[PDB]
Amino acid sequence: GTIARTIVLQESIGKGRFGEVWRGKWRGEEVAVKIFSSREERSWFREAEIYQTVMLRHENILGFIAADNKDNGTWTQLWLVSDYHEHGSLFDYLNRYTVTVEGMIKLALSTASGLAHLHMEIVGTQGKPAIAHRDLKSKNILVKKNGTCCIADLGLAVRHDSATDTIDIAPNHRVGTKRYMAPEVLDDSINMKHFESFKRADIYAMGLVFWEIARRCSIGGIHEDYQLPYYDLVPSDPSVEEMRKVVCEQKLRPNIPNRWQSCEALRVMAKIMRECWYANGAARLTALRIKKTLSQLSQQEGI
């Protein structure tokens, strides 16, 4: 179509399970283009569908531009064009850098604001359904030039129909990254007919992302090396069974160092992590509550 024909692909930046991401140039601006082959149409259409949700746009959700198709004369490519963020993922960003207390708050608060907006239902003519991500992880969050985050990779999301309490794709199977799966997802006790259960599972994964950020907070030169949650307990690419034995059976969570109690910002962050990590989903903090807590901390710090 008219958009893909005017875009020049410059570099393949990533190869995921669904599609390949490229840095492209559109009307002289950098854009990110996710390309799927003809046989991945279901995945491409679903992601285009979630990104076109009414009232979805928010400073902390990846800016979607357009879905399109491009025929090179041999095969057709299915495109999803979005805003380009040079830092890339929060995973890449935390591996490369350490952050200040201010930097940590900015990353955590923006992640929570994006999640609170996904989770929020807006009632009306131009109403927005509540949305649950189902695959929140530091590799699915991007860092913007201003040091704030935006949630990306919404292709596995589910949308709620509030009047009937029904989910748009009626999920009957476990999806997402095994390492970040909530205890109720790992042991398959989650009620997949209960939308609030998917919001609660996202909060647990956001808790693990906050732990990743806090390790990289550098105070008086003190900080931890980058690690994925459960790095000390499971192998790389862990199985459901491996995760379940740790999270559900032994009931372990990532370690919270006592030295996070000697700094106010880290203390608040530690308290949030613990309250995201309860085995009972109903006891977890909401994304709005986390946003309110970190907004108060940001104000106190003068960011």
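We number the residues from 1 along the sequence you see. Under this definition, the rigid core comprises the largest set of C-alpha atoms superposing within 1.5 Å between the forms.
Asks: So if we fit everything on the core, which stretch drifts more in 5 other deposited structures of this protein, 21-29 or 284-292, C-alphas only?
Replies: Comparing 21-29 with 284-292, the larger C-alpha deviation in 5 other deposited structures of this protein belongs to 21-29.
Asks: After a rigid core fit, does 67-75 or 205-213 show more C-alpha displacement in 5 other deposited structures of this protein?
Replies: Between the two stretches, 67-75 moves farther in 5 other deposited structures of this protein.
Asks: In at least a third of the other compared PDB entries, does residue 171 have no coordinates?
Replies: Counting only entries that model residues on both sides, residue 171 is unresolved in at least a third of them.
Asks: Which has the higher mean CA temperature factor in the PDB entry, 33-41 or 233-241?
Replies: According to the PDB entry, the answer is 233-241.
Asks: Would you mind comparing 24-32 and 44-52 for me and telling me which has the higher average C-alpha temperature factor in the entry?
Replies: Averaged over C-alpha atoms, the B-factors run higher in 24-32.
Asks: Looking at 167, 203, 157, 142, which has the biggest Cα B factor in the entry?
Replies: Of 167, 203, 157, 142, 167 has the highest C-alpha B-factor.
Asks: By the CA temperature factor listed in this entry, which of these ranks top: 88, 183, 147, 73?
Replies: Comparing C-alpha B-factors across 88, 183, 147, 73, the top value belongs to 147.
Asks: In terms of the CA temperature factor given in the entry, to which third of its chain does residue 79 belong: lowest, middle or highest?
Replies: Residue 79: CA B-factor falls in the lowest third of its chain.
Asks: Sorting the chain's CA B-factors, does residue 114 end up in the lowest, middle or highest third?
Replies: For residue 114, whose C-alpha B-factor we compare with every modelled residue in the chain, the answer is the lowest third.
Asks: Classify residue 9 as lowest, middle or highest third according to the C-alpha B-factor given in the PDB entry, relative to its own chain.
Replies: Answer is lowest: the recorded C-alpha B-factor places it there.
Asks: Among the modelled residues of its chain, does the C-alpha B-factor of residue 210 lie in the lowest, middle or highest third?
Replies: According to the entry, residue 210 has a C-alpha B-factor in the chain's lowest third.
Asks: What third of the chain does residue 274 rank in for C-alpha temperature factor, lowest, middle or highest?
Replies: Middle third of the chain for residue 274's C-alpha B-factor.
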